[PDB]
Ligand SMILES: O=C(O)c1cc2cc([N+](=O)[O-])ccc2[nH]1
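First comes one chain, alone, set out as C-alpha coordinates in the form deposited without the ligand.
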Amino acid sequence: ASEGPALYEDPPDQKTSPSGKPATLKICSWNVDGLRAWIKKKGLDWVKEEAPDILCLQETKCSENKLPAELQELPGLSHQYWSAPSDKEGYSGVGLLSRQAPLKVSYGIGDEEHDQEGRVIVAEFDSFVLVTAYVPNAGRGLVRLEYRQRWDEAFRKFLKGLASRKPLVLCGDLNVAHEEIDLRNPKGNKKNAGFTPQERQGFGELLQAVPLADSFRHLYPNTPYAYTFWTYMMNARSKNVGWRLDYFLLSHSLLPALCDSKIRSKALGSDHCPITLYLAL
(Lines give C-alpha, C1' and ligand atoms only; values in the text may rest on other atoms or scores of the structure.)
Protein backbone atom coordinates (compact mmCIF):
# COMPACT_ATOMS: atom_id res chain seq x y z
CA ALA A 1 0.00 0.00 0.00
CA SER A 2 0.95 3.66 -0.39
CA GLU A 3 -0.35 4.54 3.09
CA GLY A 4 1.55 4.62 6.36
CA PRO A 5 0.21 5.56 9.81
CA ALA A 6 -1.82 8.77 10.02
CA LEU A 7 -2.36 9.95 13.58
CA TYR A 8 -5.75 10.86 15.00
CA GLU A 9 -6.40 11.81 18.61
CA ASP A 10 -10.10 12.38 19.24
CA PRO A 11 -10.28 15.65 21.21
CA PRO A 12 -11.57 15.73 24.83
CA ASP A 13 -15.26 15.31 25.66
CA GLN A 14 -16.95 18.71 25.51
CA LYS A 15 -19.84 18.08 27.90
CA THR A 16 -21.32 21.60 27.83
CA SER A 17 -23.26 23.33 25.06
CA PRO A 18 -22.17 26.61 23.44
CA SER A 19 -24.61 28.33 25.83
CA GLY A 20 -23.07 26.61 28.86
CA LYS A 21 -25.76 24.00 29.49
CA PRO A 22 -24.44 20.59 30.62
CA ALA A 23 -25.10 17.53 28.47
CA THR A 24 -28.28 15.75 29.58
CA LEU A 25 -28.28 12.98 26.97
CA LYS A 26 -25.46 10.63 25.99
CA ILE A 27 -26.02 8.40 22.94
CA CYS A 28 -23.58 5.74 21.71
CA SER A 29 -23.77 4.12 18.26
CA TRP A 30 -21.74 1.08 17.23
CA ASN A 31 -21.64 -1.35 14.33
CA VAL A 32 -20.75 -4.46 16.31
CA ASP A 33 -20.18 -6.84 13.38
CA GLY A 34 -21.90 -9.79 15.05
CA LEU A 35 -23.44 -9.32 18.47
CA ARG A 36 -21.99 -12.55 19.86
CA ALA A 37 -18.57 -11.98 18.31
CA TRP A 38 -18.63 -8.44 19.69
CA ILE A 39 -19.49 -9.67 23.19
CA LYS A 40 -16.72 -12.28 23.05
CA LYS A 41 -14.38 -9.40 22.21
CA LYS A 42 -15.46 -7.68 25.44
CA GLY A 43 -17.55 -5.01 23.73
CA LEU A 44 -19.93 -4.90 26.69
CA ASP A 45 -17.12 -3.94 29.06
CA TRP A 46 -16.62 -0.81 27.00
CA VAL A 47 -20.34 0.01 27.00
CA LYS A 48 -20.13 -0.08 30.80
CA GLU A 49 -17.21 2.36 30.79
CA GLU A 50 -18.99 4.72 28.39
CA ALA A 51 -22.22 4.49 30.42
CA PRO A 52 -24.47 5.95 27.70
CA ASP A 53 -28.13 6.84 28.23
CA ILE A 54 -28.92 5.16 24.91
CA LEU A 55 -27.01 2.49 22.99
CA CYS A 56 -27.66 1.90 19.29
CA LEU A 57 -26.20 -1.20 17.63
CA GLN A 58 -25.93 -2.15 13.95
CA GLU A 59 -25.18 -5.44 12.21
CA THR A 60 -26.25 -7.45 15.25
CA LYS A 61 -26.53 -10.49 12.96
CA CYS A 62 -28.94 -11.78 15.60
CA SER A 63 -32.67 -12.49 15.64
CA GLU A 64 -34.94 -10.80 18.16
CA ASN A 65 -35.67 -14.28 19.54
CA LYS A 66 -32.06 -15.38 20.01
CA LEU A 67 -30.29 -12.59 21.89
CA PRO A 68 -27.27 -13.69 23.92
CA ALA A 69 -27.92 -13.77 27.67
CA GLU A 70 -25.20 -11.28 28.62
CA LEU A 71 -27.26 -8.29 27.47
CA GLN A 72 -29.22 -8.83 30.69
CA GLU A 73 -26.03 -8.00 32.59
CA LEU A 74 -26.28 -4.47 31.17
CA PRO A 75 -27.28 -2.30 34.18
CA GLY A 76 -28.84 1.02 33.13
CA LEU A 77 -30.15 0.02 29.70
CA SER A 78 -33.13 -2.13 30.64
CA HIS A 79 -35.32 -0.97 27.74
CA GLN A 80 -34.07 -2.94 24.74
CA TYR A 81 -35.58 -3.10 21.25
CA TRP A 82 -34.42 -5.24 18.34
CA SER A 83 -35.07 -5.52 14.62
CA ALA A 84 -33.82 -8.36 12.42
CA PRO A 85 -34.51 -9.59 8.85
CA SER A 86 -38.04 -10.92 8.25
CA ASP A 87 -36.58 -14.20 6.98
CA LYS A 88 -35.50 -14.75 10.61
CA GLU A 89 -31.89 -15.45 9.57
CA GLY A 90 -28.67 -14.15 11.12
CA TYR A 91 -27.50 -11.07 9.20
CA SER A 92 -27.92 -7.30 9.22
CA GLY A 93 -30.03 -6.36 12.24
CA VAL A 94 -30.05 -3.37 14.56
CA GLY A 95 -30.74 -2.75 18.23
CA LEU A 96 -31.64 0.14 20.51
CA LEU A 97 -31.08 0.01 24.27
CA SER A 98 -32.26 2.90 26.44
CA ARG A 99 -32.24 4.04 30.06
CA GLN A 100 -35.86 5.22 29.76
CA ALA A 101 -38.64 3.74 27.63
CA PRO A 102 -39.43 5.69 24.46
CA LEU A 103 -42.93 7.09 23.99
CA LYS A 104 -43.06 4.78 20.98
CA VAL A 105 -40.86 2.30 19.14
CA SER A 106 -41.31 1.57 15.44
CA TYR A 107 -39.39 -0.62 12.98
CA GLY A 108 -38.61 0.05 9.32
CA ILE A 109 -39.39 3.14 7.24
CA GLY A 110 -43.01 2.47 6.27
CA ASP A 111 -42.13 0.84 2.95
CA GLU A 112 -42.48 -2.93 2.54
CA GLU A 113 -39.69 -3.10 -0.05
CA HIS A 114 -37.12 -1.70 2.39
CA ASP A 115 -38.35 -3.15 5.71
CA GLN A 116 -37.45 -6.84 5.33
CA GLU A 117 -33.81 -6.75 6.46
CA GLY A 118 -34.12 -5.27 9.96
CA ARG A 119 -32.22 -2.06 9.29
CA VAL A 120 -34.12 0.68 11.17
CA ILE A 121 -35.49 1.36 14.64
CA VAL A 122 -37.40 4.55 15.43
CA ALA A 123 -37.56 5.62 19.08
CA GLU A 124 -39.76 8.61 19.85
CA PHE A 125 -38.97 10.54 23.03
CA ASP A 126 -40.55 13.67 24.52
CA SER A 127 -38.46 16.34 22.77
CA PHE A 128 -36.92 14.41 19.86
CA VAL A 129 -37.06 11.28 17.72
CA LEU A 130 -34.10 8.91 17.60
CA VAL A 131 -33.55 6.78 14.52
CA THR A 132 -30.74 4.23 14.28
CA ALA A 133 -30.00 2.76 10.86
CA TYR A 134 -27.86 0.17 9.09
CA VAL A 135 -27.85 1.38 5.49
CA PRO A 136 -27.56 -1.28 2.77
CA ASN A 137 -24.02 -1.66 1.42
CA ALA A 138 -23.64 -0.93 -2.30
CA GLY A 139 -22.09 -4.38 -2.52
CA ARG A 140 -19.01 -5.95 -4.06
CA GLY A 141 -18.78 -4.82 -7.67
CA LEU A 142 -21.57 -2.36 -6.83
CA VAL A 143 -24.11 -5.08 -7.60
CA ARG A 144 -26.50 -3.58 -5.03
CA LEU A 145 -25.92 0.07 -5.91
CA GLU A 146 -29.16 0.38 -7.86
CA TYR A 147 -31.13 -0.82 -4.84
CA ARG A 148 -29.09 1.41 -2.51
CA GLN A 149 -30.18 4.41 -4.56
CA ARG A 150 -33.80 3.32 -4.20
CA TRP A 151 -33.20 2.90 -0.46
CA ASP A 152 -31.60 6.34 -0.16
CA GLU A 153 -34.63 8.04 -1.71
CA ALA A 154 -37.18 6.17 0.40
CA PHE A 155 -35.18 6.63 3.61
CA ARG A 156 -34.71 10.34 2.93
CA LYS A 157 -38.43 10.90 2.31
CA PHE A 158 -39.29 8.93 5.45
CA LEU A 159 -36.98 10.97 7.69
CA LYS A 160 -38.31 14.23 6.21
CA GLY A 161 -41.71 13.06 7.43
CA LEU A 162 -40.48 12.38 10.97
CA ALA A 163 -38.62 15.67 11.18
CA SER A 164 -41.75 17.60 10.20
CA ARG A 165 -43.23 16.73 13.61
CA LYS A 166 -40.26 16.54 15.99
CA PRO A 167 -36.51 17.21 16.04
CA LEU A 168 -34.58 14.23 14.66
CA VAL A 169 -31.38 12.45 15.61
CA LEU A 170 -30.17 9.92 13.04
CA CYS A 171 -27.27 7.65 13.97
CA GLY A 172 -25.70 4.41 12.76
CA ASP A 173 -23.77 2.92 9.85
CA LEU A 174 -24.85 5.00 6.85
CA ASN A 175 -22.32 3.17 4.64
CA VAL A 176 -20.82 6.18 2.90
CA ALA A 177 -17.86 8.48 3.42
CA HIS A 178 -19.47 11.78 2.45
CA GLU A 179 -16.37 13.73 1.38
CA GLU A 180 -12.73 12.97 0.55
CA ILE A 181 -11.78 14.02 4.09
CA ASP A 182 -13.96 11.16 5.38
CA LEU A 183 -11.63 8.38 4.16
CA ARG A 184 -7.89 7.81 3.86
CA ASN A 185 -7.88 6.80 0.18
CA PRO A 186 -10.50 8.74 -1.80
CA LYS A 187 -8.73 8.32 -5.16
CA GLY A 188 -8.67 4.52 -5.23
CA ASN A 189 -12.22 4.07 -3.92
CA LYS A 190 -14.28 6.23 -6.30
CA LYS A 191 -15.65 3.03 -7.88
CA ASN A 192 -15.95 1.02 -4.65
CA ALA A 193 -18.90 0.70 -2.27
CA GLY A 194 -19.04 3.56 0.23
CA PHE A 195 -17.47 6.25 -1.95
CA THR A 196 -19.22 6.11 -5.31
CA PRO A 197 -20.50 9.49 -6.57
CA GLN A 198 -24.03 8.04 -6.29
CA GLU A 199 -23.67 7.29 -2.57
CA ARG A 200 -21.92 10.56 -1.76
CA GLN A 201 -24.73 12.46 -3.49
CA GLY A 202 -27.34 10.50 -1.56
CA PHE A 203 -25.69 11.72 1.63
CA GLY A 204 -25.73 15.33 0.45
CA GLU A 205 -29.38 14.92 -0.53
CA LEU A 206 -30.12 13.50 2.92
CA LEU A 207 -28.57 16.54 4.62
CA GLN A 208 -30.50 18.91 2.34
CA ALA A 209 -33.95 17.31 2.09
CA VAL A 210 -34.76 16.56 5.74
CA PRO A 211 -32.73 18.71 6.59
CA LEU A 212 -29.90 17.33 8.73
CA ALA A 213 -26.42 18.39 9.86
CA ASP A 214 -23.34 16.21 10.25
CA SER A 215 -22.67 16.75 13.96
CA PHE A 216 -19.01 15.69 13.87
CA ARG A 217 -18.14 17.64 10.73
CA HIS A 218 -20.13 20.62 12.03
CA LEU A 219 -17.83 20.84 15.06
CA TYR A 220 -14.67 19.72 13.24
CA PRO A 221 -15.03 20.90 9.61
CA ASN A 222 -11.30 20.60 8.80
CA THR A 223 -10.15 17.64 10.92
CA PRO A 224 -8.68 14.82 8.80
CA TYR A 225 -7.97 11.16 9.60
CA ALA A 226 -11.10 10.81 11.76
CA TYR A 227 -12.54 7.42 10.78
CA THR A 228 -15.00 4.93 12.29
CA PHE A 229 -14.25 1.90 10.09
CA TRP A 230 -11.17 -0.07 9.04
CA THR A 231 -11.02 -3.31 7.06
CA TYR A 232 -9.81 -6.26 9.12
CA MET A 233 -7.42 -6.97 6.25
CA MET A 234 -4.07 -5.42 5.45
CA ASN A 235 -3.24 -4.07 8.93
CA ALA A 236 -5.55 -1.18 8.05
CA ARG A 237 -6.59 -0.11 11.56
CA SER A 238 -3.01 0.19 12.85
CA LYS A 239 -2.13 2.35 9.84
CA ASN A 240 -5.41 4.25 10.23
CA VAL A 241 -6.48 3.45 6.66
CA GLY A 242 -10.20 3.88 7.30
CA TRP A 243 -13.57 5.37 6.42
CA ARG A 244 -15.99 7.52 8.41
CA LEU A 245 -19.18 5.54 7.82
CA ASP A 246 -20.84 6.14 11.18
CA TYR A 247 -22.59 9.43 11.94
CA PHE A 248 -24.83 11.44 14.20
CA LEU A 249 -27.02 13.59 11.93
CA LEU A 250 -29.10 16.27 13.69
CA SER A 251 -32.05 18.50 12.90
CA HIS A 252 -30.80 22.07 12.55
CA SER A 253 -32.90 22.99 15.58
CA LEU A 254 -30.77 20.68 17.77
CA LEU A 255 -27.43 22.32 16.97
CA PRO A 256 -27.69 24.74 19.91
CA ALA A 257 -27.98 21.63 22.10
CA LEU A 258 -24.96 19.94 20.49
CA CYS A 259 -22.18 19.57 23.06
CA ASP A 260 -19.87 17.14 21.26
CA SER A 261 -19.74 14.30 18.73
CA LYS A 262 -17.07 11.72 19.56
CA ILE A 263 -15.14 8.98 17.76
CA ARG A 264 -13.90 6.32 20.18
CA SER A 265 -10.96 5.29 18.00
CA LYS A 266 -9.32 2.92 20.49
CA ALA A 267 -12.39 0.89 21.49
CA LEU A 268 -12.02 -2.62 20.07
CA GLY A 269 -14.54 -5.39 19.39
CA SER A 270 -15.40 -4.82 15.73
CA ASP A 271 -14.09 -3.43 12.45
CA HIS A 272 -16.07 -0.32 13.39
CA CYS A 273 -15.41 1.81 16.46
CA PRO A 274 -18.13 3.42 18.60
CA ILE A 275 -19.31 7.01 18.19
CA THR A 276 -20.85 9.06 21.00
CA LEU A 277 -23.12 12.12 21.01
CA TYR A 278 -23.48 14.62 23.85
CA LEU A 279 -26.72 16.63 23.76
CA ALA A 280 -27.98 19.26 26.21
CA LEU A 281 -31.73 18.63 25.98
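Heads up: residue numbers just count along the shown sequence, starting at 1.
Check: Would 177 to 185 or 141 to 149 have the larger average of its C-alpha temperature factors, as given in the entry?
Finding: Per the deposited B-factors, the answer is 141 to 149.
Note to self: Tell me which stretch, 215 to 223 or 54 to 62, has the higher mean Cα B-factor listed in the entry.
What the structure shows: Between 54 to 62 and 215 to 223, it is 215 to 223.
Check: Out of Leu170, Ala163, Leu103, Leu77, which residue has the highest Cα temperature factor in the PDB record?
Finding: Most elevated C-alpha B-factor of the set, per the entry: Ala163.
Check: Reading the B-factor column of the entry, which of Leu130, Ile109, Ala133, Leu206 has the highest value at its C-alpha atom?
Finding: It is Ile109.
Next item on the list: Could you say whether, by C-alpha temperature factor, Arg244 belongs to the lowest, middle or highest third of its chain?
Entry: Bottom third by C-alpha B-factor.
Item checked: Chain third (lowest, middle, highest) by recorded CA B-factor, residue given as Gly118 -> According to the entry, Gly118 has a C-alpha B-factor in the chain's middle third.
Next item on the list: Looking at the entry's B-factor column for C-alpha atoms only, identify whether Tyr232 ranks in the lowest, middle or highest third of its chain.
Entry: Answer is highest: the recorded C-alpha B-factor places it there.
Check: Thinking about Cα B factors across the chain, which third does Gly93 belong to?
Finding: As the PDB entry reports it, the C-alpha B-factor of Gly93 lands in the lowest third of its chain.
Check: Which third of the chain holds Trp38 when residues are ordered by C-alpha B factor: lowest, middle or highest?
Finding: CA B-factor rank for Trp38: middle third.
Only in words, not in the display: the form solved in complex with the ligand, which the text now covers.
Note to self: Only one of these stretches, 61 to 69, 225 to 233, 47 to 55, 32 to 40, has heavy atoms within 4.5 Å of the ligand in the deposited bound form; which one is it?
What the structure shows: Of the options, only 47 to 55 has residues within 4.5 Å of the partner.
Notebook entry, point to check: Within a 4.5 Å heavy atom cut-off, is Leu25 in contact with the ligand in the deposited bound form?
Noted result: Yes.
Margin query: So, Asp126 and the ligand: in the deposited bound form, are they within 4.5 Å at any heavy atom pair?
Written below: Close contact exists here: in the deposited bound form, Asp126 approaches the ligand to within 4.5 Å, heavy atoms only.
Margin query: Against the ligand in the deposited bound form, would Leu281 count as a contact residue? Criterion: heavy atoms within 4.5 Å.
Written below: The answer is yes: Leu281 has a heavy atom within 4.5 Å of the ligand.
Check: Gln100 near the ligand in the deposited bound form, any heavy atom under 4.5 Å?
Finding: Yes, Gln100 sits close enough to the ligand in the deposited bound form that at least one of its heavy atoms falls within 4.5 Å.
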